[PDB]
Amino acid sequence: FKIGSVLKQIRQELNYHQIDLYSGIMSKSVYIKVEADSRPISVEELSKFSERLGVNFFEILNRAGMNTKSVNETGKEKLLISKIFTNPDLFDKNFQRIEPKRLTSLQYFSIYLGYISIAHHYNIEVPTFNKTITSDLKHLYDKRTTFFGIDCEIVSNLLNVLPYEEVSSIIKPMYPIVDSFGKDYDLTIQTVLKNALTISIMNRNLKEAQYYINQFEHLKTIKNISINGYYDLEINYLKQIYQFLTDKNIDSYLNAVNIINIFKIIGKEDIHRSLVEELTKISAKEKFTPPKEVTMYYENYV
């Protein structure tokens, strides 16, 4: 909401005068009301002012307090999730308010599935879920033809609380992607590929695996797309295991290990742990012992 004050702050910082901003855009008096936060500001006007100051439209919006995912109701409900995770106590109270609201907006539905995500983790019983989901997804997706970041977010969520086959039908129509709509969007569409790929690999479903690999590679060709490098790495590690599952070939295995280790080296222990675990499982599956190096870390993480 407080865009005007941020405009003032930036203007003064750069030693511009009000006239430098408002002239040919609005009257002096109107502009002062804008800058006082007493008049709301059109996207257009703000975009113009942004040009004049020279600082970036989205940075201004973010300094004006949209960086915080809080200034509206849905935002607050989303922040609520991480609280409820660390303190499952709070679940039932809030979940009872959210379960009915779930189909209000795609955002709400994504929040809902965040609840279910927690419920599965803490063994909490949510009978409603199993009754409703198939019908929910039907309602939400059956006559859909365009999809937005929020749908990919939803799908990552679904992947995390449902069998892959109950999700895959919903995924396939949203890919391939042909435009970036900002780094925020870019990241969302990637997250789905990365999780789906992991699952396909873990299930030894090499056809779906290949698909996800292509879809990701395909993103790289998009204009102004913004690839997550940690993702590029991890997906590359998966591509590496894929070539090993397809051709049990030793360099691919070595490469996979090497990438796992590189996450450790650059301090991304989160990822290191998961990949160490995956690798051990996938090796077990293929009747195979990973390097002592990694079963080392494995047994100590757990």
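Residue indices: 1-based, along the sequence shown.
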{"item": "Of 27 to 35 and 253 to 261, the one with larger mean CA B-factor", "value": "27 to 35"}
{"item": "Between 179 to 187 and 70 to 78 (mean CA B-factor, as deposited), the higher", "value": "70 to 78"}
{"item": "Selection from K101, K194, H218, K223 [criterion: highest C-alpha temperature factor in the record]", "value": "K101"}
{"item": "Residue, from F91, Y212, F148, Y230, that the PDB entry assigns the highest Cα B-factor", "value": "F91"}
{"item": "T198 - which third its CA temperature factor falls in, relative to the rest of the chain", "value": "lowest"}
{"item": "Relative C-alpha B-factor of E153, binned into the chain's lowest, middle or highest third", "value": "lowest"}
